[PDB]
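There is one chain below, alone, in structure tokens, taken in the form deposited in one PDB entry.
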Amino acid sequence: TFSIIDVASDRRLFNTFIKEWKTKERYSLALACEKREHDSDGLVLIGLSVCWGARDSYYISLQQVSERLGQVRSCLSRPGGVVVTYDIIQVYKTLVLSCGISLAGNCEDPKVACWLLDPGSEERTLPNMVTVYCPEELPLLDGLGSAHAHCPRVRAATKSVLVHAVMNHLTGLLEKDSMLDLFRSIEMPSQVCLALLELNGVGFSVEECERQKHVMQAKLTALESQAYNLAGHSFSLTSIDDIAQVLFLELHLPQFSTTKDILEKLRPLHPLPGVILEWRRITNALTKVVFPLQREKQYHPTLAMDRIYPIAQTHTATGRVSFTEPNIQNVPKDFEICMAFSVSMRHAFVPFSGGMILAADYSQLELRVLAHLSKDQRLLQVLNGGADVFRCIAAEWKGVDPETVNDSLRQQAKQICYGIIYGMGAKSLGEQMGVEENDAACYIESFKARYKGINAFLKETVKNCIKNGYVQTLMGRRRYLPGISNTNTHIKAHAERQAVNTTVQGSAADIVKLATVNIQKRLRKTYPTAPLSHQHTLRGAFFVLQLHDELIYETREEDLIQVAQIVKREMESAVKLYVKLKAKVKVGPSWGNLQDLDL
């Protein structure tokens, strides 16, 4: 039955546990943390629990410790040897930040497996797992502590045995879905990479952020002065009611939806919608970036700099990775204040002293992925010759030379292309393009006619989703879309759009995770003596940010060239598609100041 052996109680017992632990091809590890403080070994993290089959759990107490932790480090760092933990990122970060132990080897996390089996479902707690997947272990839930009495050793042992059972069931479930090698070769190493990113943080100059904040606040005072002058009274710029009054009630064209439609037929008609738009953009910047970042900032003393530590979400409908605490991914790009000041929220994100930011983006990634999946011969030959499809779309749309395509113009062409691929209608295309309804419909017809393989892939993806109830990515991840067969046409169409989008975007996410893993492997081979993160303590790169197809690394100046070569090679060789996977590598003294490193 449910047993708790205390191996950290005798020399021979602990040594036998270690020598049996090394041989085991798969165990479950759990952390026992009595959190009187909210990162310390023997003060917060109290112990370690290890479970193999037959409802037995071995608890290693980290109280009194040097030799216990040394042998646990030896086994936990390359003892097979698969460690199963609930919330792998949390466990890895806690181990690093408390006792300086890095989980080296193959990891498994029942959370990641449950998300694999049904990514559109809810994040199941471990109890939630036991009730659903392992009902025969339900009597053990009384013993995962409680909100009042935890007993961290007993809670750890119960969680470890439950995680072992749950992952044993989920392993067979994943093999049935043919997602097991993908789980073990792609998904879990990506989890470790993300935890290592979370440990790294991203450098953050408070001085630069304070400078930007002061300029933005002076600009907001000026903007409020103009807005109260362009209207007449001192209304509220943060109230949609106080905006829909003054707007649409004196001379405008319409509650009333005072949204960024004030760009349309209002920005070129009255200057207050532009002033309101600028005020809203700077207010977004302040209240969603600089105020959160100035309160989320944390001083790294070893690096002698401030850093921001985001939390990776990773439980996503499509396999993407987002972040929680500051929401770093959505930090705005540069924009101009006239007083011309350049608000660069990314310019506040800086490397350590003597360091460089290295950012490697995937060139038109989902175009290439879709060209491979659809086998569209036209797109294959076009983008295998180094062409920029976004540039050519922008040129043929505007009639301008492709070489004279602006970066913002390229963004609109990119949005048009991806929207068309992902089920955008004629009305939305007309809005985003300026053309009429019929013109946008004919544009979509021409897009599907010249890229015949793309239309065939769209139809086949929807047909196979109806026939199977799910869609599959390039590397085998499935998403279930029960609305694909809904009688209501809106839910059915929504599921078809999600089917195509999930296929292509999940495949791109899979490629990006693979590239992250392979870059990490090559970096470890090239600089074996470097620290894994900024919390492990500088040679090589450090992976401070992930941008769904872009990997930010923060390398040393001397290692910049080698790191860029490594990153480019790994990103281009992640997957052998019918397309080439070109990566654009940029270097700079800051995230907001990056120059192309032609290499």
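We call the rigid core the largest set of C-alpha positions that still match within 1.5 Å between the two forms. Start at 1 and count along the sequence shown; that's the residue number.
One more form of this protein exists, namely the form deposited in another entry; it is left out here, but the text below deals with it.
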Problem set entry | C-alpha displacement of 2 Å or more between the shown form and the other one on the rigid core, among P127, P528, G232, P482 | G232
Exercise. Once you line up the core, how about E264: does its CA shift reach 2 Å between the shown form and the other one?
Worked result: yes
For this session: Please check if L303 moves between the shown form and the other one, taking a CA shift of 2 Å or more relative to the superposed core as movement.
Result: no
For this session: Please say whether, between the shown form and the other one, the C-alpha of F352 moves by 2 Å or more once the core is aligned.
Result: no
